[PDB]
Ligand SMILES: *[C@@H]1O[C@H](CO[C@H]2O[C@@H](C)[C@@H](O)[C@@H](O)[C@@H]2O)[C@@H](O[C@@H]2O[C@H](CO)[C@@H](O[C@@H]3O[C@H](CO[C@H]4O[C@H](CO)[C@@H](O)[C@H](O)[C@@H]4O)[C@@H](O)[C@H](O[C@H]4O[C@H](CO)[C@@H](O)[C@H](O)[C@@H]4O)[C@@H]3O)[C@H](O)[C@H]2NC(C)=O)[C@H](O[C@@H]2O[C@@H](C)[C@@H](O)[C@@H](O)[C@@H]2O)[C@H]1NC(C)=O
Ligand SMILES: *[C@@H]1O[C@H](CO[C@H]2O[C@@H](C)[C@@H](O)[C@@H](O)[C@@H]2O)[C@@H](O[C@@H]2O[C@H](CO)[C@@H](O[C@@H]3O[C@H](CO[C@H]4O[C@H](CO)[C@@H](O)[C@H](O)[C@@H]4O)[C@@H](O)[C@H](O[C@H]4O[C@H](CO)[C@@H](O)[C@H](O)[C@@H]4O)[C@@H]3O)[C@H](O)[C@H]2NC(C)=O)[C@H](O[C@@H]2O[C@@H](C)[C@@H](O)[C@@H](O)[C@@H]2O)[C@H]1NC(C)=O
Ligand SMILES: *[C@@H]1O[C@H](CO)[C@@H](O[C@@H]2O[C@H](CO)[C@@H](O[C@@H]3O[C@H](CO)[C@@H](O)[C@H](O[C@H]4O[C@H](CO)[C@@H](O)[C@H](O)[C@@H]4O)[C@@H]3O)[C@H](O)[C@H]2NC(C)=O)[C@H](O)[C@H]1NC(C)=O
Ligand SMILES: *[C@@H]1O[C@H](CO[C@H]2O[C@@H](C)[C@@H](O)[C@@H](O)[C@@H]2O)[C@@H](O[C@@H]2O[C@H](CO)[C@@H](O)[C@H](O)[C@H]2NC(C)=O)[C@H](O[C@@H]2O[C@@H](C)[C@@H](O)[C@@H](O)[C@@H]2O)[C@H]1NC(C)=O
Ligand SMILES: *[C@@H]1O[C@H](CO)[C@@H](O[C@@H]2O[C@H](CO)[C@@H](O)[C@H](O)[C@H]2NC(C)=O)[C@H](O)[C@H]1NC(C)=O
Ligand SMILES: *[C@@H]1O[C@H](CO)[C@@H](O[C@@H]2O[C@H](CO)[C@@H](O)[C@H](O)[C@H]2NC(C)=O)[C@H](O)[C@H]1NC(C)=O
Ligand SMILES: *[C@@H]1O[C@H](CO)[C@@H](O[C@@H]2O[C@H](CO)[C@@H](O)[C@H](O)[C@H]2NC(C)=O)[C@H](O)[C@H]1NC(C)=O
Ligand SMILES: *[C@@H]1O[C@H](CO)[C@@H](O)[C@H](O)[C@H]1NC(C)=O
Ligand SMILES: *[C@@H]1O[C@H](CO)[C@@H](O)[C@H](O)[C@H]1NC(C)=O
Ligand SMILES: *[C@@H]1O[C@H](CO)[C@@H](O)[C@H](O)[C@H]1NC(C)=O
Ligand SMILES: *[C@@H]1O[C@H](CO)[C@@H](O)[C@H](O)[C@H]1NC(C)=O
Ligand SMILES: *[C@@H]1O[C@H](CO)[C@@H](O)[C@H](O)[C@H]1NC(C)=O
Ligand SMILES: *[C@H]1O[C@H](CO)[C@@H](O)[C@H](O)[C@H]1NC(C)=O
Ligand SMILES: *[C@H]1O[C@H](CO)[C@@H](O)[C@H](O)[C@H]1NC(C)=O
Ligand SMILES: *[C@H]1O[C@H](CO)[C@@H](O)[C@H](O)[C@H]1NC(C)=O
């Protein structure tokens, strides 16, 4: 008896997937949508180099700690890379005001250029470019921040200065305010019990009255110099009126703001010669997969952070391999050139044949599904600027629970997406196999006995042309009716 | 030979949809769930008018800048509409404290009424209602904020005032503190080198010591008047003790808070004669669709912001139109009065007929699906109050990434929702058509030949009563068995 | 004529569910994924007891208001339970600085121990342990915070103190700064118009200059004592230099930080003898269900807050039962008579009739639905939930940011949970239909033309089919050829009759 069977592809794969309904289902192929790779690399971001602060803190670098390299040429950077514990920080003790807000402005810049803003020689009856042993060039020297000019010996005299930004870029300036320890120290340094400074930027007034007060000794100092900064926009002016206790913004930085705030990547590692679309402090996430379980904080074009161990989409078929029987009893290791197909038996021989059209149709559909799940993750620029000052822990906690909130959303949704889609993909394969089965069944009608195992017992001699017609949907029922009827009669007696 | 076919509706639609499996699939009908219309209108919000500040800033209007229209009668508003750069702002230079917090309180109010709080005539040996050329009615005048009474010539004398809020609404009061330029100016205005004010609201004490300091000249002023505000709750008291340098809250506003914070809409446009459930600064989003791609910031009962270009749900069938064949080969342009139905062929004639019951059932199901996807988007009141002071850029950044976070959540989920639901809607239609096919098939049994094209070749004369019985599920197989068997015999040999 | 039918379970259930396509569909069984119970209970959190402040505020308890119970032994707590309006708060009027940040540190602690930090007798020519009628032990008395030592009569003299934390846990210290009303009061208390204090913790300097200023009368006081706090880490030092107007941190608390910030639960209720994985101020949420509509704010291992009134997953079948007498199959509805499974058979032959469940198909579907329900629940594996969402009174804009963050997540979870249920219910019902149809097809392909498909889910068998024959069909071992002849002959009678 000639036979034609419907069946599907099996293989040697050990891969499994989970669905909403079933766990650890063996499948012929699958595809991960979760980026998990740790490489520990620090790279350029979208072809743009980071600023390597070496062993200096950002304030130390900005203010020009003598132990920190000077910015000689116009530069740019995608993010800032800083050591977790810089050797060279603020050398003369004092607070650096609003560092977090400053980071927002300079984390990603397109032009960045140091320029002399003030001719310090224009002031009379004072000393300039003063130095201190707390800020040495190297072992035992005495120097100071390059950009910040410590003026002394005011003797209560008022210095007046005005500046106009006639360039096309905003100007970043940083200055210092000297808090002396006692009246004696105040006299030694300035020769008067006065020393207040008002610095005005645009319409904004900043006034620093003389403060004399003892503090604990840090780096050989019971006194402090507190640091502040401001931005002078194109065509804006700034002015200074000082009677003492002031560290002048002799040098400043012209810079061009960017739209995408990155932040500071804190790492001991050095910058490698590599490029990534997404960067973290423990490595690059150089991947367009929609999810990652590598790190909560990152910068650039990044997958969503989730806590999943894996997210594997089924793509292939249930891997349940079995005259040969058909799809009802399992898959065919022997069907090697497609997903769904046929096996035939007649006088001329036997063999497997793939349904190329049905296979390709399903391939396009599953590929479209996976690509949709991946490509629809079109994200906002990811930032790592998530710091607040030390008296703002409540805000940092809000920042933390915001990220916890999104973490729980993406984790749950990604996890359920995978389980649901895997269930459907497997049903989709079954529906496709059943369709080939039905297409054969309705062609043969009562010219065949449905064996119930995915195969048909044909009630007439069916040569290779006949087999091809069934597989091609061009089988003529009437052409074989008579022969089929005669064979059926014999069956109806035996 | 009599025939009955199962088929479905095609039409002239050019609409396409995307599914998880396929792209740009032609369908007979579809429905957008994404609001995209730009109208540029500023409207009432749920029948409630906004406050139009004209060309004044909110502080200028509240304090009663002479160039700003006075609130003459009690009012209310759903939101505040302010020019992006108001012509009339703070006339006497100084800072307005905590504007952002104030906006939370007065952006959406149910009552707002000005009332005189202090009889300024009760104070002796001072001058009141002082004016200044920086706050003119117009060119060359000298006037002042209507609500704020500038007291001078204290000569260090202590003024004492107490007030009890015996109304049921909170009372908003705004005051000013004069920072003079130098001792001489302090003398000219107050006749004493003293001038401190303590203002107490409920259990809260605010002390404003005398500050004398030069600032840069703004509008002819090197001195400053800085503005502060407070809220005196129902049955709370406030009191003032002042020796000078004080601008008194002669007038204040009783106001009724609402639960739903809206905010300030910044636009040059005027308030039009329209009404919307959701408003943005570039136009109304007067729509109950679950998503919108119009603007990140909005107020009211609003769809979620997404970055999608379109979100179109399939509602109708694949629009793939094809003696006539049935559903296997495509849809019927000839089936005009339903989604699924039949075509029959007999001696009495031929024609199309819709399955009304199957069509209505599917219509109800799809209507339910679309309405669920829309109506389940039942949202919290949307606010545009997302401002922080200029020294809080880190918090504004937190606010920005929060919205970036939700934008990415809603965009990805809406996009995938549409793709998944479109796939299922198309399969739903296939399943319904297949059901009608099976229902005909199992009635006819071997009284007909399944032609494999969605049509049946009936082996007996099947009149309109017979055709109706098949479509109605009341066909009697046994009634036509004998006649059918005879035709089959001719077939099993012929 | 012998018959075999394929059908499914019905019962007396009145439960309904909603799907994307249909509303209020009666089903034989279902399962809620929404925790809705209000119990008003305050419990231990994961076996860890809360700190009950009784009728005291957290600052009053920390500083040792005499009317508040003293911490006598080392302790621990999962969260802090405070009355909404404590009777005993700050007795000497003044502001308590940065309470919100402090809460982040002490809301959940593993060791917490009061210890004397400063020997106050080391200071000469001053008075210590000063008291005030605003902080009494009882009626008409005068006392003071136990932990805070009010030093007076400095007479401008500088006191100096240095301390090193030589223990293994951080040290919380709390101090006070006296703002006097006027020069006369300043003189009465300190005998000098000076009184500034500098307190240094590690490298962090805090200076509190003398402020003399009148305020309104609160609890009989026009003056103020303002409170501040700091944390001295293991091996860190702190120091104090004061010339007056200072209330000293004589006692402090050693404590061990935890990773999971809980917060303050505000309630009038007392602590019950119960245990919960998630707690709110209106009751325990002792449930691993993925969603809850009980309260926006909670602590612990908690379901996500949603605004849904209900989220009921279908588990069982459409409960649409069919109206001796011929019985139809699945096409016309379910079987009240099928009691031992979800899907199964009904047969009729010469030996009798009866219902029988398909055990294998029932078990397979039960495992599948159980897996589905458990996935929807167990994948909700959440970050520790916190209720610390407070900011100072001059920070309403940040509180508003916090509020809209929560509104934002509320809208996400509500919409997604609601649609998850509608989608999954639609699919669960289709899943049952597909399983029933599979049994139908398996019988059909076995019988072939040895039977007439009646179209109601039943087959009229064209030969005598006894109990062995019926068992074979149900077991998939029916032999078509064994009955072909008899079936064909019976078909002949039909093709003429
Ligand atoms: C940024 O700062 C600059 C520099 O000015 C400051 O310089 C500091 C060093 C400090 O001393 C500070 O006090 C200075 O203001 C601002 O530009 C200045 O603006 C002022 C007006 O505010 C101009 O003053 C004018 O000076 C004219 C005389 O000198 C000019 O012309 C001379 C030839 O005769 C020439 O030799 C000289 O070098 C100058 O070029 C004088 O004629 C003017 O008198 C008229 O003033 C008004 C006219 O309407 C009227 O009231 C009066 O009766 C007279 O008719 C006037 O006093 C300065 O010239 C000008 N300095 C420079 C170098 O340009 C700048 O102000 C902004 O730009 C200017 C050009 C104006 O448009 C301003 O309105 C504008 O705000 C500051 N920029 C900002 C953003 O604040
Ligand atoms: C808001 O302020 C009002 C107004 O009073 C303030 O007025 C300012 C101008 C300023 O000077 C401020 O210091 C004032 O307190 C508060 O109401 C006042 O409350 C005080 C007590 O806090 C009452 O004082 C009493 O006065 C009684 C005499 O007045 C009554 O009789 C007269 C009839 O002609 C007339 O003078 C007046 O209209 C009253 O009808 C006097 O008998 C009392 O003596 C005994 O009282 C207590 C024992 O209870 C004891 O301390 C005292 O030694 C005596 O034994 C007492 O001195 C004021 O009468 C009262 N003023 C008015 C007009 O009501 C208000 O306080 C709040 O309301 C009152 C009614 C009380 O319940 C308070 O407990 C409560 O806090 C302030 N509101 C708030 C929330 O603070
Ligand atoms: C799925 O897995 C099975 C293996 O588990 C695999 O079938 C195996 O294929 C290999 C060859 O790829 C066969 O290996 C042979 O084993 C015989 C003994 O049984 C050896 O004698 C053979 O050795 C000769 O040939 C080798 C090269 O073919 C030479 O390297 C060697 O020197 C000898 O000349 C040979 O190794 C193995 O027998 C089969 N096993 C079975 C049961 O078929 C199957 O191919 C996998 N499926 C796919 C698609 O990969
Ligand atoms: C932290 O405090 C310790 C303890 O010493 C201190 O004790 C109190 C009671 C008071 O008398 C202080 O004046 C006294 O310093 C310091 O340890 C001391 O170090 C200094 C030298 O810097 C020395 O004078 C003491 O003898 C040391 N005492 C001992 C035996 O610990 C800390 O000093 C720092 O830490 C030490 C480990 C040591 O390496 C020292 O060099 C270092 O500076 C104090 N820390 C600071 C910076 O204040
Ligand atoms: C700043 O970051 C954004 C990330 O949103 C970048 O915008 C994306 O750019 C590419 C093409 O320019 C697209 O794939 C995305 O659709 C864009 N997203 C959006 C929201 O427009 C942007 O290019 C970045 N800017 C720079 C200079 O890197
Ligand atoms: C404040 O805004 C909220 C939006 O959340 C409005 O509440 C909705 O209003 C109607 C009935 O008032 C309901 O259909 C929605 O379900 C409500 N949502 C909630 C959470 O209650 C509310 O109407 C607004 N308040 C006013 C008076 O305008
Ligand atoms: C702090 O809270 C977290 C909440 O995530 C707890 O971490 C969970 O621990 C339990 C078992 O203790 C696991 O079932 C979860 O998988 C953990 N969640 C995650 C995402 O880590 C943690 O145990 C808590 N710590 C303490 C001391 O109770
Ligand atoms: C990141 O991806 C790009 C594009 O695939 C590739 O050229 C580059 O080598 C990748 N970098 C790393 C770290 O592999
Ligand atoms: C807003 O919608 C309502 C109800 O659909 C409608 O009546 C009204 O015309 C709309 N307003 C605008 C701005 O068109
Ligand atoms: C139509 O169908 C119903 C049920 O299938 C049947 O009861 C009714 O008699 C039919 N209508 C006619 C006119 O026969
Ligand atoms: C349901 O229906 C009737 C109502 O009383 C009852 O007699 C019958 O036993 C019930 N069925 C079951 C399963 O209990
Ligand atoms: C909380 O759940 C646990 C575990 O199921 C149980 O032992 C305990 O009784 C529950 N507590 C409450 C509040 O009922
Ligand atoms: C195979 O069968 C067909 C159908 O009858 C016949 O026409 C044809 O000759 C046969 N082909 C060959 C090559 O034997
Ligand atoms: C059509 O044919 C059927 C079957 O013979 C018969 O019962 C019925 O009367 C006929 N209908 C009409 C309209 O005559
Ligand atoms: C029932 O019928 C079968 C079918 O031939 C027969 O073999 C068997 O003996 C009968 N069963 C019994 C035990 O009566």
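Things to note:
- Residue satisfying all of: in region B:268-286; buried (at least 16 other Cβ atoms within 10 Å of the Cβ) and in a loop (DSSP other than H, G, I, E, B); nearest to ligand 9 (Cβ to nearest atom) among these: B:286
- Top-ranked residue in region C:476-488 [being out of contact with any strand residue (DSSP E or B) (no Cβ under 9 Å at 6 or more places or on another chain) and in a helix (DSSP H, G or I); ranked as surrounded by the most Cβ atoms within 10 Å (Cβ to Cβ)]: C:484
- Residues that are in a helix (DSSP H, G or I) and more than 16 Å from ligand 15 (Cβ to nearest atom) do not occur anywhere in region B:449-458.
Results for (1) more than 14 Å from chain B (Cβ to nearest Cβ); (2) more than 30 Å from residue C:75 (Cα to Cα); (3) within 16 Å of ligand 6 (Cβ to nearest atom), shown as yes or no for each residue.
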position: C:13; (1), (2), (3): yes, yes, no
position: C:18; (1), (2), (3): no, yes, no
position: C:37; (1), (2), (3): yes, yes, no
position: C:47; (1), (2), (3): yes, no, no
position: C:54; (1), (2), (3): yes, no, no
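- For residue B:435, the conditions (1) within 12 Å of chain C (Cβ to nearest Cβ); (2) buried (at least 18 other Cβ atoms within 10 Å of the Cβ); (3) touching a helix residue (DSSP H, G or I) at 6+ places or on another chain (Cβ under 8 Å) all hold with the exception of (2).
- Residue in region A:294-313 that is within 30 Å of residue A:6 (Cα to Cα) and either assigned by CATH to the domain that holds residue A:8 or assigned to a loop (DSSP other than H, G, I, E, B) (or both) present: yes
- Any chance residue B:265 is within 44 Å of the chain's Cα centre (by Cα), assigned to a strand (DSSP E or B) and away from every other protein chain (no Cβ under 13 Å): yes
- Residue in region A:136-143 that is buried (at least 17 other Cβ atoms within 10 Å of the Cβ) and more than 21 Å from residue A:259 (Cβ to Cβ) present: yes
- Candidate set from region B:460-470 (those that are more than 14 Å from chain C (Cβ to nearest Cβ) and surrounded by 12 or more Cβ atoms within 10 Å (Cβ to Cβ)); member that is farthest from ligand 2 (Cβ to nearest atom): B:461
- Condition met for residue C:231 (more than 16 Å from ligand 12 (Cβ to nearest atom), more than 30 Å from residue C:191 (Cα to Cα), touching a helix residue (DSSP H, G or I) at 6+ places or on another chain (Cβ under 8 Å) and outside the structural domain of residue C:133 (by CATH)): no
Residue-by-condition table, conditions (1) within 18 Å of residue A:420 (Cα to Cα); (2) facing chain B (nearest Cβ under 9 Å):
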position	(1), (2)
C:379	yes, no
C:388	no, no
C:391	no, no
C:396	no, yes
C:403	no, yes
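- Per-region count, region B:405-420, residues in contact with a helix residue (DSSP H, G or I) (Cβ under 9 Å, 6 or more places away or on another chain), more than 9 Å from chain A (Cβ to nearest Cβ) and farther than 17 Å from residue B:23 by Cβ: 1
- Meets criteria (away from ligand 13 (no atom under 16 Å from the Cβ), part of a loop (DSSP other than H, G, I, E, B) and out of contact with any strand residue (DSSP E or B) (no Cβ under 7 Å at 6 or more places or on another chain)) for residue A:20: yes
- Of B:473, B:454, all but one fail to be closer than 30 Å to residue C:491 by Cα, surrounded by 20 or more Cβ atoms within 10 Å (Cβ to Cβ), more than 9 Å from chain A (Cβ to nearest Cβ) and more than 16 Å from ligand 11 (Cβ to nearest atom); the exception is B:454.
- Given (1) assigned to a loop (DSSP other than H, G, I, E, B); (2) in contact with a strand residue (DSSP E or B) (Cβ under 6 Å, 6 or more places away or on another chain); (3) surrounded by fewer than 19 Cβ atoms within 10 Å (Cβ to Cβ), number of the condition residue C:356 does not satisfy: (1)
- Residue A:348 vs. criteria more than 24 Å from residue A:467 (Cβ to Cβ) and away from chain C (no Cβ under 14 Å): no
For (1) outside the structural domain of residue C:386 (by CATH); (2) away from ligand 14 (no atom under 16 Å from the Cβ); (3) farther than 27 Å from residue C:135 by Cα; (4) crowded, with 20+ Cβ neighbours inside 10 Å, each residue gets a yes or a no:
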| residue | (1), (2), (3), (4) |
| --- | --- |
| C:10 | no, yes, yes, yes |
| C:25 | no, yes, yes, no |
| C:28 | no, yes, yes, yes |
| C:60 | yes, yes, no, yes |
| C:64 | yes, yes, no, yes |
| C:70 | yes, yes, no, no |
| C:73 | yes, yes, no, no |
| C:78 | yes, yes, yes, yes |
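- Residue C:44 within 16 Å of ligand 12 (Cβ to nearest atom) and surrounded by 17 or more Cβ atoms within 10 Å (Cβ to Cβ): yes
- All positions within region B:112-141 that are assigned to a loop (DSSP other than H, G, I, E, B) and in contact with a helix residue (DSSP H, G or I) (Cβ under 8 Å, 6 or more places away or on another chain): B:128, B:129
- A count restricted to region B:334-351 and to residues that are surrounded by 19 or more Cβ atoms within 10 Å (Cβ to Cβ) and part of a strand (DSSP E or B) stands at 6.
- Odd one out for residue B:384 among (1) more than 8 Å from chain C (Cβ to nearest Cβ); (2) farther than 30 Å from residue B:107 by Cα; (3) buried (at least 16 other Cβ atoms within 10 Å of the Cβ): (2)
- Restricting region A:142-167 to residues that are in a strand (DSSP E or B) and under 19 Å from residue A:69 (Cα atoms), the residue that is farthest from ligand 15 (Cβ to nearest atom) is A:149.
The values are calculated or read from the model by the stated rules, or taken from the named source; nothing here is a laboratory result. All Cβ positions, even for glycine, are placed from backbone atoms using ideal geometry, and neighbour counts span all protein chains on display.
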